[PDB]
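For reference, the chain that follows is the form deposited in one PDB entry, supplied as structure tokens.
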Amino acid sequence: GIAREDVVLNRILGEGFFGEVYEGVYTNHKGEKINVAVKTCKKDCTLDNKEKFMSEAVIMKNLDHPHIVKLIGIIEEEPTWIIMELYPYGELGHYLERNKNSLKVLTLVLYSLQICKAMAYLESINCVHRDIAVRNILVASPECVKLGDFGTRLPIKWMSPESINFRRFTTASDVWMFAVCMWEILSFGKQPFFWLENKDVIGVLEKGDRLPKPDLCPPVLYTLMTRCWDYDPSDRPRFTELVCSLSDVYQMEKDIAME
């Protein structure tokens, strides 16, 4: 496994819920130097938050999809370190903001498809991710993003009506939220319903109003987003079907870009 000696902290990366995340270098059993992010848990909330820290680590440790953040190892002895791959382009929302002028639709559709592949995997195990948003999606390379580790100020503007109304979260509410994430991506990181305050969102939804089609979003893709935002969760597509529709859209946008 991994030993603390094999991991050195170089700078701060940022504050996570449970504690500071640092940038470091892990050295392999083969002597390879891997750039890592090291998650830390603040020496605090006795058992409960510290149990939740470890429990979330073990899930991510068992997760292995090419478009979910990669857990490299866990150092359990106090102070506990979770070693993740470092994703050098940071958060998708920031990365979309910076590269607004040069990103084309092909790529926006590709990031959407990647996330949706990750969700199809989660869907296969009836595991609900409740934080499918550009702030929670990391950029591994211009062509590769990874869904972060996020499955009580709730993300109301990202949430399905059932979730806002009853705190029900199912794979179908993740489908609703995933379409909101597509909307963020296609809008270059705008916050959904930025023009409202949280308390106002449900009532807008309840009357059938939806996020408008982003300017660079193909109509075919907006129709997919529309189906995702069906009020009735049974009528929303499943992720396995989104993956197929999204591959088709991607393939069309590539041909269009190439010709």
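The first residue of the sequence shown is number 1, and the count goes up from there. Definition used throughout: the rigid core is the maximal C-alpha set that superposes within 1.5 Å between two forms.
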> Of the other entries that cover residues on both sides, do at least a third skip residue 152?
Replying inline: yes
> How much of the deposited sequence is absent from the coordinates between residue 90 and residue 91: none, 1 to 3, 4 to 9, or 10 or more residues?
Replying inline: none
> Comparing 184 to 192 with 96 to 104, which has the greater mean CA B-factor as deposited?
Replying inline: 96 to 104
>> Please place residue 66 in the lowest, middle or highest third of its chain according to the CA B-factor in the PDB entry.
In response: lowest
>> Test of reading the entry: by CA B factor among the chain's modelled residues, which third contains residue 171?
In response: middle
>> Splitting the chain's C-alpha B-factors into thirds, which one does residue 229 fall into?
In response: lowest
>> Splitting the chain's C-alpha B-factors into thirds, which one does residue 25 fall into?
In response: middle
>> Taking only the Cα B-factors deposited for this chain, tell me whether residue 19 sits in the lowest, middle or highest third.
In response: middle
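The following text describes the form deposited in another entry, which does not appear among the structures shown.
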> Just one of 49, 191, 198, 223 has a C-alpha that shifts by 2 Å or more between this form and the one not shown on a rigid core fit; which is it?
Replying inline: 49
>> Checking residue 31 here: with the core superposed, does its CA move 2 Å or more between this form and the one not shown?
In response: yes
> By the 2 angstroms cut-off, has the C-alpha of residue 250 moved between this form and the one not shown once the rigid core is superposed?
Replying inline: no
>> Core superposed first: is there a CA shift of 2 Å or greater at residue 235 between this form and the one not shown?
In response: no
